């Protein structure tokens, strides 16, 4: 259902150059997970009913999120601001989604297709809000399904975004990485989830909910056994997330 807008050749040129600059920057700064989180969270504010929120530049520097969990995203946007300034023609909305795509790529994940043309909207993110690490499967379907309009498969695949990065007790309160290789995009989120709790590693109640649900669980097993399949489903889900409300909601 996507009809992508036309952008000028100068715009496409900036996209390509920004993509390369983002690779080097994100790799050097070791901030892929924070950038993936910024992109996903920004896109994830979409609500299909009201057609509000989505990946439209609504969280930017200087951010004021202040609430538990969302802290850290202020750091992400500040980190990106000097580079963004080198590409004034790009919308913030496109720039942040491009950074999320690059974050997945430079850590070794799939190549998520990217289409430019998101407009920076006025304005802000209403919150309040939804995504709660202490809740379960019903809550997940409320957030991704009822609000965002994604499928059950997308929910499991996107949860695998936790295969890179960590929680911080000063940010959400949770603490530590999901995996032993938190800068490597692979299927280890699912293998660690299956094998139970382990010293040094984190599982949110929202991660654990995937294990108890009749639809989610077989997908967890599938992804833990077949990284290629995870990569395919992840690339599909990430593209959809990144394009919520955009080029036909």
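Positions refer to the first chain, counted from 1.
Higher mean CA temperature factor, per the PDB entry, when comparing 235 to 243 with 5 to 13: 5 to 13. Stretches 195 to 203 and 35 to 43 differ in mean CA B factor, with 195 to 203 having the higher one.
Taking the deposited Cα B-factors for 183, 215, 66, 220, the highest one is held by 66. Ranking 160, 88, 110, 126 by the C-alpha B-factor listed in the PDB entry places 126 at the top. Among the modelled residues of the chain, residue 121 sits in the highest third by CA temperature factor in this PDB entry.
For residue 229, the recorded CA temperature factor ranks within the middle third of the chain's modelled residues. In this PDB entry, the Cα temperature factor of residue 210 sits in the middle third of its chain's modelled residues. Residue-level temperature factors show residue 177 in the middle third of its chain, judged at the C-alpha atom.
In the deposited entry, the Cα temperature factor of residue 103 places it in the lowest third of its chain's modelled residues.
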